[PDB]
Amino acid sequence: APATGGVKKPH
Amino acid sequence: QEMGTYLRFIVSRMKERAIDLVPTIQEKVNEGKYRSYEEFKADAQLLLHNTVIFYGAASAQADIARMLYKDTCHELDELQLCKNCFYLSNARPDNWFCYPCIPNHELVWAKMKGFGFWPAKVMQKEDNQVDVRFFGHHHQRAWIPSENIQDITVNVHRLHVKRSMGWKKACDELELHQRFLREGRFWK
Ligand SMILES: [Zn+2]
């Protein structure tokens, strides 16, 4: 996960 | 100066990525020799190519090298979005996500299916969708359709919310950020 945030997985 | 600092984060974070199972670049960075981001990108691209030829275009090493070059380019993209976000995301002092940037990030309630509305910063946008970064643990990113966005000024009790533990922490981090914004408390 990148320091600036990873992609939030869909529910 | 600041460029040398940012490139050090990238080289470091990519070595951590390299554990997916160059000293020249490391040296040129450590000695602050880079005078451009495109120059740095070209060196990374050269390194990628020498690697794909060294091991073979379908080797396990070539698979990793392409991934590493992709992630590096992603870092440079993120750096351009907001260099303060980039710095705080890497240095990560206490409450790092709460310190304001210049210009300030637009604050919104962002709705993803199944999660209800969550507070987030706007990193960039186009007409149909918004790239947001959520408050709370993990601080993840998501592209949100414009119609799933509400400005932070509407009361939360009028929105579809699922009050998990993580949601409360997110709202607490949001309020701390809004306070720092009013205080004019920038990271030093
Ligand atoms: Zn920022």
Side-chain angles (χ1 to χ4, degrees), chain A, chain B residues 6 8-10 12-14 16-17 67-68 70-92 96-97 101 105 110-116 118 120-121 123-124 131-145 148 162 164 166 170:
Chain A
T4 57
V7 180
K8 186 178 181 179
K9 303 184 292 290
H11 187 60
Chain B
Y6 297 147
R8 272 188 289 279
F9 288 143
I10 296 184
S12 172
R13 275 9 125 176
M14 289 304 104
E16 295 182 9
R17 263 306 264 182
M67 186 58 56
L68 253 46
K70 180 204 185 69
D71 298 349
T72 300
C73 291
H74 179 60
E75 297 289 317
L76 295 167
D77 289 339
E78 292 292 315
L79 181 53
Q80 292 299 136
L81 281 184
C82 182
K83 85 178 194 179
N84 191 46
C85 273
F86 188 88
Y87 176 79
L88 291 175
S89 298
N90 283 277
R92 286 171 180 258
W96 60 271
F97 195 65
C101 303
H105 293 272
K111 194 185 202 305
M112 296 181 64
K113 179 191 183 66
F115 293 115
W118 268 66
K121 301 180 179 179
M123 304 305 300
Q124 59 183 337
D131 179 15
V132 311
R133 190 170 189 189
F134 296 101
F135 287 86
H137 300 305
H138 300 129
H139 298 94
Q140 299 171 282
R141 302 279 288 273
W143 282 98
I144 306 298
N148 284 14
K162 317 206 175 188
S164 60

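Convention: sequence-line order gives letters A, B, ...; per-chain numbering from 1.
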Discussion item. With a 6.0 Å cut-off (strictly less than), is the heavy-atom count around NE2 of B:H138, excluding the residue itself, greater than 12?
Written reply: no
Discussion item. For the CZ atom on B:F97, are there more than 12 heavy atoms of other groups (residues, nucleotides or ligands in this structure) within a distance under 6.0 Å?
Written reply: yes
Practice prompt. Mind checking the NZ-CD spacing from A:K9 to B:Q140? Nearest 0.5 Å is all I need.
Written response: 6.0 Å
Response to the item:
In terms of heavy-atom contacts, B:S89 and A:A3 come closest through CB-O, 3.4 Å
Worksheet item: Under a 4.5 Å heavy-atom cut-off, does chain A meet the side chain of B:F134, its backbone, both or neither?
Response: side chain
Item to complete: Determine whether B:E78 and A:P2 make a side-chain contact, defined as any pair of heavy atoms from C-beta on separated by less than 4.5 Å.
Response: no
Fill in: Closest heavy-atom pair and its distance - A:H11, B:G114
CD2-CA, 3.8 Å
Fill in: Side chain / backbone / both / neither for B:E75 at chain A, heavy atoms under 4.5 Å
side chain
Practice prompt. First locate atom CZ of B:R133, then atom OG1 of A:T4, and finally report the distance between them rounded to the nearest 0.5 Å.
Written response: 5.5 Å
Discussion item. Please classify the contact of B:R17 with chain A as side chain, backbone, both or neither, using a heavy-atom distance under 4.5 Å.
Written reply: neither
